[PDB]
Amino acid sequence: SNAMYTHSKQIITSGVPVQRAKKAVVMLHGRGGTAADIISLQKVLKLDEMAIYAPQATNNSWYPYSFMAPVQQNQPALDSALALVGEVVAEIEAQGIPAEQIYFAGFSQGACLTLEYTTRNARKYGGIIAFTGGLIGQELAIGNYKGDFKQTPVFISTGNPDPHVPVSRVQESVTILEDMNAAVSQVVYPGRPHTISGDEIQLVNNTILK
């Protein structure tokens, strides 16, 4: 189609009731996916202490084209997607959970959105999990990236090769994240299909979600 659409405020919650929760996690689904889908990762990820928020994308897609299309071709849908993630973060903080106890988890299109949001808005977060994603745009626009991660643990993975996410863009993303003071774990899985492997799940559970 095109990028001339809005993500309306569709937010699905699960996990610990937010008023009781010590921590929260913002979970971002992939292209053609759903909030209910992505939440089911709580069955294998150590999220049992988190209030879970998963916004649902309009058209089940955050933005219409490859994350590496000229960024204007993904606008205004992308800005709308970033706005919605920001609304979710704002809601969590208003429920009394500070950003340093807020975690992010995304797969594929959702991992790209996760990285793009957190890097435009870098501060001390609980942790950031980007399963097969990179920062967004044909050209990286460094001028959009502001803040300091204050050693936020970040896990970023991809497969090699992967026709959706070149290894080069994951490397570039790592370089930018490290420059902004994230504590970055990058893992590239040669020959892995476009998926979340069991190894990634265990690794995230023993590190970011320790």
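Residue numbers here begin at 1 and follow the sequence given.
In this crystal structure, the stretch out of 120-128 and 68-76 whose C-alpha atoms carry the higher mean B factor is 68-76.
In this entry, 185-193 shows the higher mean Cα temperature factor of the pair 20-28 and 185-193. Per the deposited coordinates, the residue with the largest Cα temperature factor out of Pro163, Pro153, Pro55, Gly147 is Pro163.
The PDB entry assigns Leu177 a C-alpha temperature factor belonging to the lowest third of its chain's modelled residues.
Ranked by C-alpha B-factor against the other modelled residues of its chain, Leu140 falls in the highest third. Split the chain's modelled residues into thirds by C-alpha temperature factor. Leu45 is in the middle one. Sort the modelled residues of the chain by CA B factor and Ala51 lands in the lowest third.
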